[PDB]
There are 4 protein chains.
Amino acid sequence: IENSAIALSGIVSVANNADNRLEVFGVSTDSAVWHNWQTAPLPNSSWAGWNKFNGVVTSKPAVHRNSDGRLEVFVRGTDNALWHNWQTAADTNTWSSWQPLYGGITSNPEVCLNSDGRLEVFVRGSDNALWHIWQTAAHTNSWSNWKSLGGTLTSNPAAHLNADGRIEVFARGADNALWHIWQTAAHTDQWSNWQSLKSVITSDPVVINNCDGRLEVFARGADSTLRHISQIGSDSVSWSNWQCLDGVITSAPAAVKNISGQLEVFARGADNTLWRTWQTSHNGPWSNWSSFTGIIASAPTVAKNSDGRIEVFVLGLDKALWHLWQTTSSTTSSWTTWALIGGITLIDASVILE
Amino acid sequence: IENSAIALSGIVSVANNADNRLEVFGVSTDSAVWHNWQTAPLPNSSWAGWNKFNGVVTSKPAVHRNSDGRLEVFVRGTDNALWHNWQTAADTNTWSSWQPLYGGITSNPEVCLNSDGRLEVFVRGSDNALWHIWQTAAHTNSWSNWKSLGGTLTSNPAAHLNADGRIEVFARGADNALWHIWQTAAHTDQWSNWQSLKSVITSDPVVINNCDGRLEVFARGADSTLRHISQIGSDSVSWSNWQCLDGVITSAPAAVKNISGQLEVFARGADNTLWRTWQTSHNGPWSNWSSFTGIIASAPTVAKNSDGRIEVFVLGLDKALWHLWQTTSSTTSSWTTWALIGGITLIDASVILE
Amino acid sequence: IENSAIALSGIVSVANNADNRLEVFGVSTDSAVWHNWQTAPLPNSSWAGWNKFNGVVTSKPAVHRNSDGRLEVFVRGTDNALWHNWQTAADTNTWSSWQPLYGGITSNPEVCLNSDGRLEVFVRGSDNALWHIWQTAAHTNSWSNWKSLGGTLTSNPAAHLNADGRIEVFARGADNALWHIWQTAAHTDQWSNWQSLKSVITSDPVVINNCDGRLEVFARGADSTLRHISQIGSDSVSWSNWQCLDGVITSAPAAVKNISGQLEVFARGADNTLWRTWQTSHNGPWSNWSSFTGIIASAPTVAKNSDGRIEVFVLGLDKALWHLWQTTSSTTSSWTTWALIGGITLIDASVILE
Amino acid sequence: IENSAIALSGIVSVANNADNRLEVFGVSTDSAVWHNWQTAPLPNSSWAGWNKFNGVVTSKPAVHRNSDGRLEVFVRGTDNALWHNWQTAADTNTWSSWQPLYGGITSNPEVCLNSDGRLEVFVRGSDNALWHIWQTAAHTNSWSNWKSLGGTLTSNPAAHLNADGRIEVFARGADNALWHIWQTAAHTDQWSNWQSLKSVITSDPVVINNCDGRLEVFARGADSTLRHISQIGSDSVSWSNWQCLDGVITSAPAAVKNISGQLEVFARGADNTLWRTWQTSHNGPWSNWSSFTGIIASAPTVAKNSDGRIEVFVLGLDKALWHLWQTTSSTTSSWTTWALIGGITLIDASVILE
Ligand SMILES: C[C@@H]1O[C@@H](O)[C@@H](O)[C@H](O)[C@@H]1O
Ligand SMILES: C[C@@H]1O[C@@H](O)[C@@H](O)[C@H](O)[C@@H]1O
Ligand SMILES: C[C@@H]1O[C@@H](O)[C@@H](O)[C@H](O)[C@@H]1O
Ligand SMILES: C[C@@H]1O[C@@H](O)[C@@H](O)[C@H](O)[C@@H]1O
Ligand SMILES: C[C@@H]1O[C@@H](O)[C@@H](O)[C@H](O)[C@@H]1O
Ligand SMILES: C[C@@H]1O[C@@H](O)[C@@H](O)[C@H](O)[C@@H]1O
Ligand SMILES: C[C@@H]1O[C@@H](O)[C@@H](O)[C@H](O)[C@@H]1O
Ligand SMILES: C[C@@H]1O[C@@H](O)[C@@H](O)[C@H](O)[C@@H]1O
Ligand SMILES: C[C@@H]1O[C@@H](O)[C@@H](O)[C@H](O)[C@@H]1O
Ligand SMILES: C[C@@H]1O[C@@H](O)[C@@H](O)[C@H](O)[C@@H]1O
Ligand SMILES: C[C@@H]1O[C@@H](O)[C@@H](O)[C@H](O)[C@@H]1O
Ligand SMILES: C[C@@H]1O[C@@H](O)[C@@H](O)[C@H](O)[C@@H]1O
Ligand SMILES: C[C@@H]1O[C@H](O)[C@@H](O)[C@H](O)[C@@H]1O
Ligand SMILES: C[C@@H]1O[C@H](O)[C@@H](O)[C@H](O)[C@@H]1O
Ligand SMILES: C[C@@H]1O[C@H](O)[C@@H](O)[C@H](O)[C@@H]1O
Ligand SMILES: C[C@@H]1O[C@H](O)[C@@H](O)[C@H](O)[C@@H]1O
């Protein structure tokens, strides 16, 4: 691989409804967003069936739950502007249809929820800088004007809350290194300057929090292995060295915190199957990669059910959505084999960044 | 103290709104519930002022946020039945007024949110058993019939979710020991038998989860010191030995997990001031108690703000509500001194259990 | 029990030879020290048989291995002075016979090895102060003059090295609280003042180091349960609060670090059997006490074999020495039942402190 | 670098005497072993001066302390056989002179102390297999016959005790991967088969134990960065995945456990200065490399003083021995600058393995 490569992304975006039922959003061959949901919040639940949102889209959809429980989806439209669509009430399958937020978008959208309940969206703009727009009141369809945070982005952005409520945003820069920028006060339009975390990454960054608060960032490196870095202090400026794990991965990674508080990472492996690694103890060393049977055609998307059980979604070779899950709420649980969520086929609508 | 004593409780119940603004509920000299809220989700925010709910009540109010963000308050009425009252929309100060759930109540109510989004209420009944009632659909004013879980209670119940979504309930039994009972499958009406955790407690139990998932229970013991016990496995049946901490406390304890993932406990101390202890490292030993200036007249009630800062509420000697908070989002932060939330005086409406 | 009680002590002192074979020292009905040793450094080894040192003694013997591998035993004589006796070569059963160190002794002796290879002995003196005497060159029969460290002792002293090489000494004071005093520079005659750790203890203190360097002290408390306190910093002045564990113990405790780095404590329990508790995780909570069959008549003495397996020695109701051990080098290993090390009967020669 | 490279080694071997004074052994331009020692066991001590052992040698010397405190040095002679030389008494500068152990040696010797007090030596033999020879009684000049453990070695061996007393040996194999072999019972001539740990290493392996017992192995990888792997169970067969740390190193690494129980690694960095990294918390992430001023011409050799302070030895550009050390017994201590241990110049006598 080359330094500027961006690894294959997940094929759906997934959210938990207010009652924790999973709901997935993807793009079909008609270039429209379709969605499907569990009928009850357990991995062995039936799914409702694929339902279409009218409208042609030009990016992967991003979804987040509002602080009042309503899901809200963001996508790039045929006019290269940002559009969004929301449930009109929590846990209800009635939606607003696509409404305009304007702007000029050159990446997939990334959404975060501030700790004061306001959604905030991050995108690469037409000048390749990071731009953002936010709800001006919690869970309300009232939005700010577009504002630039500068920089030069060569990946999609990834945003996450610090333990103290400050949003921090990660993105690859013009030198193919990982850069970041952060709120200097929680849920406030006061931001740091851009700072480099130095390495060279060949996927979008993936960010998760560990239980002692500190952010941990995962990405594929220049040698196509997983690498990761962590905050070691109480601020956004103190980071560990980068560490890599042996084993060639062929997609973006996906990270999840299991119900024992340890981190797990899933990625497509060198043999195009799903690979999994987990921390063997608190902060501990990482297990050897363990592989699941079955060739997959996307990065994994990983979610947790209402009983803590991990569930993984992938694109199959038939271009349909498949999933598997843990049989018990236990870190050593066995796993099911791939099952089909049939009814449509999916395409990768990710914005091509170069 | 005697084995059957129940330590002084907190004077208000506190919840975070959907936008994380704190809101407190207490009972005034007119025997009505009054409430007050931050105008912005920061500890140095102004408060809106005390507002009254019409209706005479006969217990401490319990409050919980629904899975759609709406606060909902539960109280015993003049007819000894359960009543409730809810925000009609998230982050809005419009309420439904008191509506009946019937039953016969002989304790303060305790509320929990199941991991499928349904509130569930636990009370001691007229036969001294544990009874419960639940929403039949998430965040909906549709409730089940009353059902008994048996047992004999001599304290108020305390409920908490396990990491796998199973509710577990703790209460003092007829032998003054701590007993517990739990769902055997997440958010399902399938329950274990009662089991004893053995000791002798002289306060209501206080339950919190640590980051690696396991529940930890705090209570005052027969010698009037703090004691605690923790889950050591992945189920509800494997517990540590009881440990005590030196230092006489004169109220129920209040526990919180700070933004570094460590536990802290607050209680009124032997000199009637607020005392604080914290874990010095992960699972680590506990610090010596540290005292704050000022005599207090209730147990503390502890909450966290949108930026992670801890805030503590107490009854003052003037029978009004006072609070203090951390100056920074940091475990070593200094603290403010007590400030008044003036406008009404408060009474302790806790149900007298004997 | 009363605040000034001193719990029953162990009946033998145990050391590892240079080749790690265990060797035990006790006092028989002739008031002489006898010793016995493993013939190979494994718990299932045969023992050589009881051999006598000529000479009448008036205290429990203390034993330590010199930095050149030779064992050396310290005891009070019929003249109330300190006497000692050493192997003339490592792993050899040829001894020097008792030689005088003079002084006036009113406690059992306590021995420590400085990190520069010099033995140092701590005793209560005729004025009830702490006195000490040391080798002036490593593993050499050249000793200093007696010197006083002051204080007023009401227990035997317990000494241990800090991670930085500073000896720290613990002893009960005139107020029945635990006091301590320490070298302010490693292996130097420069000492702190006495400082109180506050509580009230009813046994000799027992001190061990945990793997992250910090000392942890165990003792029986005024309510006859185990209590413990730990260093929380990098110096001798920063300590945790005291914690107790439920369960009445009827002897001094004995602590050991197992080969997983976790602490275990053994003590005679309320039913006069051997009880064991262990840390369930790093610094973690403590397990419920687990009991072994068989009534015992002393505190346990605990040692580790060359393969890490823990072995416990006690006085039986027949006034003989019994032991049991782990069947495998594993923290969850099963244990053998009590086996006899027959040939003599033993008496408790501990100095009666009041 | 190429897969078969072996990184530059340390220029001296270092041991602690029985009284913990450091003593270093190196080879001078006369091809003889010389040694020098601290006069007192503190890093700021004067050194005695360089003293010569008569005899021409053809390998780097290996040194270990016997279980009776006497140092003993092993080296290859002009006849390609193993020779050794020992202190005749602990802490004494009287030595036996070189005595033969025969055999045919094609690597530097590696020495370990069994947990029953017997030294054991590991070497690559004339057939490129691993061979060993051992004391038949603890700290006694009585040795076994040579015995083969098979395999094919392409590095020097590194040996370490497991927590349960089993020796485990690590060495690079014919495929340039790290292999290992272990005693299946403590201090017994019963060994496992060879097993591969898979990667590709370009230095000798370096092995250390962490406080919870488990071995951790460090080595330079094929991309010239540090990599490491750890035991995750209670046996020798359960290992983590390999992890690398960013940063090009140009020598073998040297590892030490500091007095807080955390691991630190030193290596010559890409700019030919001394680099240091440390674990920021228990098992935690690794710090960025920190560099010391001064170009160095060997790998570091690292030791600990009697007060816990770390001291580092390197070859300077003047071909003399230099060292620096921590100013205080604290993980955050500042460091001195390089100081000269003058009197001879040193050569790298490491056996050239190909
Ligand atoms: C997603 C939206 O779908 C239709 O409404 C188009 O008219 C818009 O341009 C946008 O593409
Ligand atoms: C995102 C960052 O923005 C500017 O700071 C550039 O100088 C960097 O190269 C990077 O692209
Ligand atoms: C990941 C899945 O694995 C197998 O089950 C295939 O039949 C599917 O098409 C898909 O590739
Ligand atoms: C809290 C409620 O307040 C009034 O509505 C009373 O009529 C009810 O009995 C109840 O006490
Ligand atoms: C809550 C418990 O209920 C029954 O099991 C009683 O036997 C116990 O004493 C306890 O009161
Ligand atoms: C806890 C508070 O402390 C002091 O400030 C008093 O003035 C208040 O009345 C209250 O007791
Ligand atoms: C232990 C010693 O034994 C004998 O040598 C006595 O003469 C001494 O007084 C001392 O008691
Ligand atoms: C050992 C200590 O010595 C002195 O400091 C006394 O004042 C204390 O009470 C204690 O006995
Ligand atoms: C601890 C031992 O337990 C039983 O085996 C008795 O027979 C012994 O006398 C001793 O009490
Ligand atoms: C190290 C030894 O030094 C001399 O004694 C030589 O005769 C030996 O062959 C050996 O090299
Ligand atoms: C040390 C090992 O010995 C044998 O097992 C070889 O097959 C391996 O390649 C390796 O060299
Ligand atoms: C490591 C040392 O660093 C400098 O002090 C040089 O003067 C020495 O020769 C040596 O290179
Ligand atoms: C998101 C922003 O929207 C605006 O319309 C553009 O002018 C900016 O370049 C940027 O793309
Ligand atoms: C809560 C339950 O309500 C019912 O009306 C009563 O009959 C029960 O005893 C119990 O009090
Ligand atoms: C140990 C010391 O020995 C001396 O002889 C005595 O004078 C002191 O009081 C003390 O007992
Ligand atoms: C160490 C062993 O010594 C013997 O003499 C040789 O025959 C073997 O090959 C091996 O070198």
Residue list for region B:222-240, filter: more than 12 Å from every other protein chain (Cβ to nearest Cβ) and within 21 Å of residue B:292 (Cβ to Cβ): B:224
Subset of region C:117-137 that is within 14 Å of chain D (Cβ to nearest Cβ), part of a loop (DSSP other than H, G, I, E, B) and of a type outside the set (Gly, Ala, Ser) - its residue that is farthest from ligand 10 (Cβ to nearest atom): C:136
Residue ranges of strands (runs of 3 or more DSSP E) in region B:18-62 with at least 3 members in contact (Cβ under 8 Å) with a residue 60 or more places away in the chain and at negative phi: B:22-28
Tally of residues being among the charged types (D, E, K, R), under 22 Å from the mean Cα position of the chain (by Cα) and within 22 Å of residue C:272 (Cβ to Cβ) across region C:303-348: 3
Hits in region A:92-116 - residues which are within 14 Å of chain B (Cβ to nearest Cβ) and either in contact with a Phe, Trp or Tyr (Cβ under 6 Å, 6 or more places away or on another chain) or of a type in the set (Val, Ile, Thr) (or both): A:92
Total residues in region D:335-352, condition without any contact (Cβ under 8 Å) to a residue 60 or more places away in the chain, more than 21 Å from residue D:48 (Cα to Cα) and not in a strand (DSSP E or B): 1
Where residue D:298 falls short, out of the listed (1) within 14 Å of chain A (Cβ to nearest Cβ); (2) more than 19 Å from residue D:329 (Cβ to Cβ); (3) not aliphatic (A, V, I, L, M): (1)
Any hit, region D:241-249, residues being outside any loop (DSSP other than H, G, I, E, B) and within 14 Å of chain C (Cβ to nearest Cβ): no
Hits in region A:163-176 - residues which are more than 14 Å from every other protein chain (Cβ to nearest Cβ), farther than 23 Å from residue A:101 by Cβ and in contact with a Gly (Cβ under 9 Å, 6 or more places away or on another chain): A:173, A:174
Count - residues of region C:196-225 that are in a strand (DSSP E or B) and either free of Cβ contacts under 8 Å to residues at least 12 places away in the same chain or charged (D, E, K, R) (or both): 2
Residue ID - farthest from ligand 14 (Cβ to nearest atom), chosen from residues in region B:276-302 that are within 18 Å of the chain's Cα centre (by Cα) and closer than 26 Å to residue A:163 by Cα: B:276
Residues of region A:257-277 satisfying the condition of being buried (at least 19 other Cβ atoms within 10 Å of the Cβ), among the β-branched types (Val, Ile, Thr) and more than 9 Å from every other protein chain (Cβ to nearest Cβ): A:265
Residues (part of a strand (DSSP E or B), more than 14 Å from every other protein chain (Cβ to nearest Cβ) and among the aliphatic types (A, V, I, L, M)) located in region C:70-84: C:73, C:75, C:82
Candidate set from region C:178-194 (those that are over 17 Å from the mean Cα position of the chain (by Cα) and more than 14 Å from every other protein chain (Cβ to nearest Cβ)); member that is nearest to ligand 4 (Cβ to nearest atom): C:179
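Tell me yes or no: at least one residue of region D:332-345 is away from ligand 10 (no atom under 16 Å from the Cβ) and within 14 Å of another protein chain (Cβ to nearest Cβ).
Residues of region D:332-345 away from ligand 10 (no atom under 16 Å from the Cβ): D:332-345.
Imposing the further condition that a residue be within 14 Å of another protein chain (Cβ to nearest Cβ) reduces the set to D:332-333.
Yes: region D:332-345 contains one or more residues that are away from ligand 10 (no atom under 16 Å from the Cβ) and within 14 Å of another protein chain (Cβ to nearest Cβ).
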Filter result (of a type outside the set (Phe, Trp, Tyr), surrounded by fewer than 19 Cβ atoms within 10 Å (Cβ to Cβ) and under 21 Å from residue B:351 (Cβ atoms)) within region B:130-148: B:147, B:148
Subset of region C:142-162 that is within 14 Å of chain D (Cβ to nearest Cβ) and polar (S, T, N, Q) - its residue that is farthest from ligand 12 (Cβ to nearest atom): C:142
Test: residue C:78 is surrounded by fewer than 20 Cβ atoms within 10 Å (Cβ to Cβ) and either in contact with a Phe, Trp or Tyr (Cβ under 7 Å, 6 or more places away or on another chain) or farther than 23 Å from residue C:159 by Cα (or both): yes
Index of the failed condition, residue A:11 passing every other in (1) over 23 Å from residue A:274 (Cα atoms); (2) surrounded by 23 or more Cβ atoms within 10 Å (Cβ to Cβ): (1)
When residues of region B:48-70 are limited to those that are surrounded by fewer than 24 Cβ atoms within 10 Å (Cβ to Cβ) and among the basic types (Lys, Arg), the one farthest from ligand 2 (Cβ to nearest atom): B:52
Matching residues, region A:226-240, being of a type in the set (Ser, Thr, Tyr) and not in a loop (DSSP other than H, G, I, E, B): A:230
Evaluation of residue B:320 against (1) of a type in the set (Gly, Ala, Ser); (2) touching a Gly at 6+ places or on another chain (Cβ under 9 Å); (3) surrounded by 19 or more Cβ atoms within 10 Å (Cβ to Cβ) (one fails), failing number: (3)
Any hit, region C:85-107, residues being within 16 Å of ligand 8 (Cβ to nearest atom), more than 16 Å from the chain's Cα centre (by Cα), crowded, with 17+ Cβ neighbours inside 10 Å and not in a strand (DSSP E or B): yes
Some residue of region A:36-44 being over 30 Å from residue A:327 (Cα atoms), away from chain B (no Cβ under 12 Å) and away from ligand 10 (no atom under 16 Å from the Cβ): no
Inter-residue pairs, beta-carbon under 6 Å, first aromatic (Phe, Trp, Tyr) and in region A:181-195, second within 16 Å of ligand 6 (Cβ to nearest atom), 6+ apart: none
Within region D:183-195, tally of residues that are in a strand (DSSP E or B) and surrounded by fewer than 22 Cβ atoms within 10 Å (Cβ to Cβ): 2
So residue A:251, is it within 16 Å of ligand 1 (Cβ to nearest atom) and closer than 23 Å to residue A:59 by Cβ: no
Hits in region B:138-152 - residues which are in a loop (DSSP other than H, G, I, E, B), in contact (Cβ under 8 Å) with a residue 40 or more places away in the chain and either within 16 Å of ligand 13 (Cβ to nearest atom) or over 17 Å from residue B:76 (Cα atoms) (or both): B:138, B:139, B:141, B:151
Residue under evaluation residue D:219, criteria (1) surrounded by 19 or more Cβ atoms within 10 Å (Cβ to Cβ); (2) within 14 Å of chain C (Cβ to nearest Cβ), criterion not met: (2)
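FYI, it's all coordinate maths here, none of it is from the lab. So basically every Cβ, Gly included, is an ideal-geometry build from the backbone, and we count neighbours across all protein chains shown.
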